[PDB]
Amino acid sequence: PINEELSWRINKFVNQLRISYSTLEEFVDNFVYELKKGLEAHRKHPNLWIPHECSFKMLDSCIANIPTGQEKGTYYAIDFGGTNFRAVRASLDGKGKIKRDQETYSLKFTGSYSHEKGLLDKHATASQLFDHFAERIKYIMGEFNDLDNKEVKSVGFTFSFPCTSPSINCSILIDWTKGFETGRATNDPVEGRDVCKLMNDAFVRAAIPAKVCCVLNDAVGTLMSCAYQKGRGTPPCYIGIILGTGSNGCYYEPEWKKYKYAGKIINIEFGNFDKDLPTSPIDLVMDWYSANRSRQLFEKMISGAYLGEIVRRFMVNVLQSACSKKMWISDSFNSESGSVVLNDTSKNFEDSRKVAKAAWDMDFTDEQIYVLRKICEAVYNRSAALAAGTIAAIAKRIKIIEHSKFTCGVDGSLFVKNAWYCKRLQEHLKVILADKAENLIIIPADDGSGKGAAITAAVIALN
């Protein structure tokens, strides 16, 4: 039970974050419309993204051979998913089974102090990033005695960024997202260059006996892994969703041949959606402070690289002068801390006080811990609601041609590391799909980004 001047603030600011069922429907409609415009735009100029024609990049994956579940072998993969970089080793057993061995390192915290924060810096060169990839592949390879010999090892590469892929072995970086600016201020950029080559050169510098044989977006990797692990009689995987540091999805487009595609699976790049976004003033501020102003706008509303900060800025606006100096500090509250508050089962809300004291140095009153709950609910629900609409809209585009039972695989910290979020996304998704809700099967695909690169390396072997 709370002061009235506070509650008026609570009611006002949560209302900027509400999403009614009618508007969410318009979203699904606007999304589906934007999808066809992307397909038609791709038919006209398949090699070029003309953004005024469509916010979606609708990029060809060059994948036409879906996994059969029988792909066999052991392959290395490198999973470049964003702020963290993860190197993997995976063996395939010939049935839908995967053993996986993984080592997650960080790009922000390289161990240097130049370049402000990270290998993301405009002043970091391209060569450093790809060398660091080879450096960690070297270490994982030496550990397994696979490295020392002189016969070349093939490697799958998931590059979680919008790329133009003229082939499965060719991928040109279009635009950095998720806060990266690597090479933009140097003579050695990543943007506009073949990432397959840049990596193969990183192998060459370190004498590593490896070669990248495929480059794929992390969303498509999730789909590939699901298809491989697809049980007999279990419907096929036609959608891959990543809901994590960034937010994006791939899907199976039946008209792939018609609209001049080489693969069947399209990387939508829906993070860059810009039509009728239900923005709040904090959303304008977040975009303004970004390194990619006016791009990835939808992602800046719903992605996990951004939820904690949205909560914080809303938090400051509601409690007003009761906030500690650290409450005003940018990026004091990450999205993981929001997961704790939403998924708190302690009695005295003990766990929720800890994240508040840990981030802000405030022994939260019972009043203020109530506020942190509601502000976390209002923000996170907006992400889940729009995310469900996104899935449904993708489902509607497929079902327009192909209506049946099929499954959609979901990956990323926001979905597998947050029970509350996973509940809301599925709840909203059940509402939008209406009667057909039973037709879409949501299945978690943990580490689909990393497995899928390896499975793709296998399918190349199979031809």
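Numbering starts at 1 and follows the sequence shown.
Comparing 172-180 with 360-368, the higher mean C-alpha B-factor in the PDB entry belongs to 360-368. Taking only CA atoms, the mean B-factor in the PDB entry is higher for 231-239 than for the other of 268-276 and 231-239. In the deposited coordinates, the residue among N348, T186, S247, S383 with the greatest CA B-factor is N348. Highest CA B-factor among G304, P281, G94, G389, as stated in the entry: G94. The entry lists a Cα temperature factor for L319 that places it in the middle third of the chain's modelled residues. Remark: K300 belongs to the lowest third of its chain, ranked by C-alpha B-factor as recorded. Annotation for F406: CA B-factor lies in the highest third of the chain's modelled residues. In the deposited entry, the Cα temperature factor of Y252 places it in the middle third of its chain's modelled residues.
Annotation for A64: C-alpha temperature factor in the middle third relative to the rest of the modelled chain, per the entry.
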